[PDB]
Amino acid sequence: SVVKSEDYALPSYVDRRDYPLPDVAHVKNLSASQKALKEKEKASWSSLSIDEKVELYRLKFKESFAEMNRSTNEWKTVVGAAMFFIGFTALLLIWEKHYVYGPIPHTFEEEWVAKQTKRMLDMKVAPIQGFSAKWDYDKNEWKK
């Protein structure tokens, strides 16, 4: 039961798949019937009942393999909370866009962009693959 901080220099109990027989028993102090049980254990194990066998297991070890190895729902909390905080980050960006960011330059206006685009096409910006390559100069349209 009770593990104590002043016991740290002493061998301790652990449930680990790769360390199946820990350095000490889970429970060391024994009641009267638990003491009788350990005596009964010195005789044929066939005479032990199921409940007795379980009790001996639970004195020696805390959790069984199936218990110590079980999966959990923790992943739901981690992914959900992460998304929640990432969502909260978007609030910060909204506030910044609203109170800090002035108007962007006039060169992003739709008409400027259409004109800049034609000029880029007239000077043949990136004509091999990048940009003008995607315009059809014969049909005067974007390559379909």
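One rule holds for the numbers: they count along the sequence shown, beginning at 1.
Undergrad: Return whichever of 43-51 and 115-123 has the greater mean Cα B factor according to the PDB record.
TA: In the deposited entry, the stretch with the higher C-alpha B-factor mean is 43-51.
Undergrad: So, looking at the entry's B-factor column for Cα atoms, which has the higher mean, 71-79 or 85-93?
TA: The stretch with the larger average C-alpha B-factor is 71-79.
Undergrad: Ranking the modelled residues of this chain by C-alpha B-factor as given in the entry, is residue 136 in the lowest, middle or highest third?
TA: Top third by C-alpha B-factor.
Undergrad: Which third of the chain holds residue 58 when residues are ordered by C-alpha B factor: lowest, middle or highest?
TA: CA B-factor rank for residue 58: middle third.
Undergrad: Comparing against every modelled residue in the chain, figure out the third that the C-alpha B-factor of residue 37 lands in (lowest, middle or highest).
TA: Residue 37: CA B-factor falls in the middle third of its chain.
Undergrad: Among the modelled residues of this chain, does the Cα B factor of residue 98 put it in the lowest, middle or highest third?
TA: According to the entry, residue 98 has a C-alpha B-factor in the chain's highest third.
Undergrad: Sorting the chain's modelled residues by C-alpha B-factor, tell me whether residue 106 ends up in the lowest, middle or highest third.
TA: Middle third, going by the recorded CA B-factors of the chain.
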